[PDB]
Student: 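Dropping a structure here in structure tokens format, bear with me for questions.
The sequence lines fix the lettering, A, B, ..., with proteins before strands; numbering per chain opens at 1.
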There are 6 protein chains.
Amino acid sequence: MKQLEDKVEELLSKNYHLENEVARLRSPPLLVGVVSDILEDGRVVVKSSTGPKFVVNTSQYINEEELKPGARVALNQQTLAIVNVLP
Amino acid sequence: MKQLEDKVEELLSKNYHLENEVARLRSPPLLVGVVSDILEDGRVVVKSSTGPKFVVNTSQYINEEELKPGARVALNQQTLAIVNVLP
Amino acid sequence: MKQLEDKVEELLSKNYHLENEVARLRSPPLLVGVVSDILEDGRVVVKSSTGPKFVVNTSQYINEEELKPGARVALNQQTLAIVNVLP
Amino acid sequence: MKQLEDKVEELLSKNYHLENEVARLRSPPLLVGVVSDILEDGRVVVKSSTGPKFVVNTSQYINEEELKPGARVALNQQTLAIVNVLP
Amino acid sequence: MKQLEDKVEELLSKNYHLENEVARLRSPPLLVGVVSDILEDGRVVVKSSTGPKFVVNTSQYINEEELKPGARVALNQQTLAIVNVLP
Amino acid sequence: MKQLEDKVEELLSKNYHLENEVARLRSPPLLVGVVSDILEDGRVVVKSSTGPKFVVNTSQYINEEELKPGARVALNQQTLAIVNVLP
């Protein structure tokens, strides 16, 4: 009776940890690039680590002071929008 | 009590499906990469042997001690999440 | 007159949808390229920063004066049409 | 009354120019390559600007006198058939 | 006899569809490659002009005499099967 | 009458040879790589001829004695599992 209740407890714990592993292993990556130049309209030219250069948007949460040539950036993999400025 | 036995069966069915999903996410073929640096929030910058650099998530079962710059890693091919540190 | 008011509403709905379609076609992320040469029929040969060269179409809103060999261009990622000349 | 009629006029004009921009920005590009060699059966080996070499068909409208080694060509992006010989 | 005439029509319809399927499989665009070596079981290692090396199947209509290391080949783009030896 | 019967015969022959050509031209290729290193758990790190390195499984029919660094391997194109060790 309490044996069952403990099993429910450990199973709930196990299942939570597994759900967490799934969430971690399915999260999309961000792509790394380097800022090349900033355009008069607030779009940024990034050189992606994949090779090409793109004109991309920037997250609204980004301190645009940090965006300057040579700055390392992390990009949404689909839109290539700048999500993080990296150290 | 019958409620409990039923809950245990439900939870084990759920556990079983989560285990299979995790196995698939962690199964070969895995892409090889090299850790570039570790971010404050615990995401990792890896250089993939495909060429580009990514900010990625990690399995919760990695030994954090071995997760350091220059470490060789096995990455989920789709998300590039770090599944294992390699020797 | 009611016929007219109805036509105006129809046309504005259509205008609205066309504007959105054009905004999507012109939105970041745009690939960067360089104009290689301009063909007699007004198509352009660009070298994409992805590597290959293409004969592409252009937006009708480009200043033809700046569209010349060596100019840097923002290309629709799918068709490589020239959306903007860049500085 | 004539105000409405003028609006219909300008809207029809605006909508036409938008439709044109859509058509221009959705037209597929042609891929540039260089003729490598011509085969005894009228197929051509082209070196694409994407890297590889292919055996391709040629448009029926092409003056085959113009097809010779070193000649720059424009290819249908899907079939890689030679569509234009470029200057 | 009517059974026979019917069988002939059936078989010719089937022949027609197989011929079209084979024509499609052998039609341009074909990737160019170079034979690297011939395996005991008669599969061939080719180096594709795309870069990688493959173990591939071959058309039964290839002259085996010309199928040898260094020979230039036309490959199905999807399977990289050898469709023709090229001069 | 025997004319028909002979036609059925030759058509059946023709159709068989066409079916064979389809089967040969549709068979997937194997990708060539080189063994890089063998892991303590029986997974192998392969350097694919496409460029990247992967951790892959190995066919159960493979003599694991033959798997050693430098060994040339043929891989299932989708799973990248080692299917053959090549001379």
Student: Side chains of B:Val8 and A:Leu4: closer than 4.5 Å at any heavy-atom pair?
Tutor: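 Of all side-chain heavy-atom pairs linking A:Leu4 with B:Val8, at least one is under 4.5 Å.
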Student: Side chains of A:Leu75 and A:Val32, heavy atoms from C-beta outward: is any pair under 4.5 Å?
Tutor: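 No, too far: nothing below the 4.5 Å cut-off.
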Student: Ignoring hydrogens and angles, tell me if any N or O in the side chain of F:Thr58 forms a donor-acceptor pair with the backbone of F:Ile82 under 3.5 Å.
Tutor: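 No; zero donor-acceptor contacts below 3.5 Å.
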Student: Just wondering, do B:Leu31 and B:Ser49 contact through their side chains at under 4.5 Å, heavy atoms?
Tutor: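 SC-SC contact between B:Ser49 and B:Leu31 confirmed.
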Student: Side chains of B:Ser59 and A:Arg24: is there a donor and an acceptor less than 3.5 Å apart?
Tutor: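 No donor-acceptor contact under 3.5 Å links the two side chains.
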Student: With distance as the sole test, does F:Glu21 use its side chain to make a donor-acceptor pair with the main-chain N or O of E:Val22 at under 3.5 Å?
Tutor: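 Here the side-chain-to-backbone pair does not exist.
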Student: Looking just at side-chain N and O atoms, do C:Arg72 and C:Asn84 make a donor-acceptor pair shorter than 3.5 Å?
Tutor: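 No, C:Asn84 and C:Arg72 have no side-chain donor paired with an acceptor closer than 3.5 Å.
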Student: First locate atom OG of C:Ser48, then atom NZ of C:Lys53, and finally report the distance between them rounded to the nearest 0.5 Å.
Tutor: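 Going from the OG atom of C:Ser48 to the NZ atom of C:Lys53 covers 9.0 Å.
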Student: Quick one: pull up CG in A:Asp6 and CE in A:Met1 and give me the separation to the nearest 0.5 Å.
Tutor: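 Going from CG on A:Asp6 over to CE on A:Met1, the span is 11.5 Å.
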Student: Looking at CG of B:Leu12 and CD of B:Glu9, how far apart are the two atoms once the value is rounded to the nearest 0.5 Å?
Tutor: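 Going from the CG atom of B:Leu12 to the CD atom of B:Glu9 covers 8.0 Å.
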Student: If you round to the nearest 0.5 Å, how far is CG of B:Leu11 from OG of A:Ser13?
Tutor: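 That separation rounds to 11.5 Å.
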Student: Any non-hydrogen side-chain atom of F:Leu39 less than 4.5 Å from a side-chain atom of B:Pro87?
Tutor: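 Side-chain contact under 4.5 Å: yes.
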Student: Do any N or O atoms from the side chain of C:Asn76 and from the backbone of C:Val83 form a donor-acceptor pair under 3.5 angstrom?
Tutor: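 No, because the side chain of C:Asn76 does not come within donor-acceptor range (under 3.5 Å) of the backbone of C:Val83.
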Student: Salt bridge or not for F:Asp37 and F:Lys68, using N-O below 4.0 Å?
Tutor: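 Result for this pair is no, no salt bridge flagged.
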Student: Report the distance from atom CG of E:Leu80 to atom CD of F:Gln77, rounding to the nearest 0.5 Å.
Tutor: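 E:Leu80 atom CG to F:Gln77 atom CD measures 7.0 Å (nearest 0.5 Å).
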Student: Would you check if A:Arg43 and A:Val56 make a side-chain contact, meaning some heavy-atom pair closer than 4.5 Å?
Tutor: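 Answer no - side chains too far apart.
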Student: For E:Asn57 and F:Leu25, indicate whether the former's side chain and the latter's backbone hold a donor-acceptor pair under 3.5 Å.
Tutor: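 Checked: no pair found.
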Student: With a 6.0 Å cut-off (strictly less than), is the heavy-atom count around CD of B:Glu64, excluding the residue itself, greater than 12?
Tutor: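 Count not over threshold, so no.
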Student: Check whether any side-chain heavy atom of E:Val35 sits under 4.5 Å from a side-chain heavy atom of E:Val44, and report yes or no.
Tutor: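 The answer is yes, as the side chains (C-beta and beyond) meet within the 4.5 Å cut-off.
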Student: Supply the atom-to-atom distance B:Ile62 CD1 to B:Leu67 CG, rounded to the nearest 0.5 angstrom.
Tutor: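 Taking CD1 in B:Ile62 and CG in B:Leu67, the distance rounds to 5.0 Å.
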Student: Can you check whether E:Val34 reaches E:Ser36 side chain to side chain, under 4.5 Å on heavy atoms?
Tutor: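 No. Closest side-chain heavy atoms not under 4.5 Å.
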Student: With a 6.0 Å cut-off (strictly less than), is the heavy-atom count around OH of A:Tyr16, excluding the residue itself, greater than 12?
Tutor: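 12 or below, so no.
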Student: Does a donor on one side chain sit under 3.5 Å from an acceptor on the other, for B:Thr79 and A:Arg26?
Tutor: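 No.
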Student: Take a 6.0 Å sphere around CD of A:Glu10 and say whether it holds more than 12 heavy atoms from other residues, nucleotides or ligands.
Tutor: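 For A:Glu10, atom CD is crowded (more than 12 foreign heavy atoms under 6.0 Å).
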Student: Tell me whether the count of non-hydrogen atoms from other residues, nucleotides or ligands lying under 6.0 Å of NZ in A:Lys14 goes above 12.
Tutor: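 No, the 6.0 Å shell around NZ holds no more than 12 heavy atoms from other groups.
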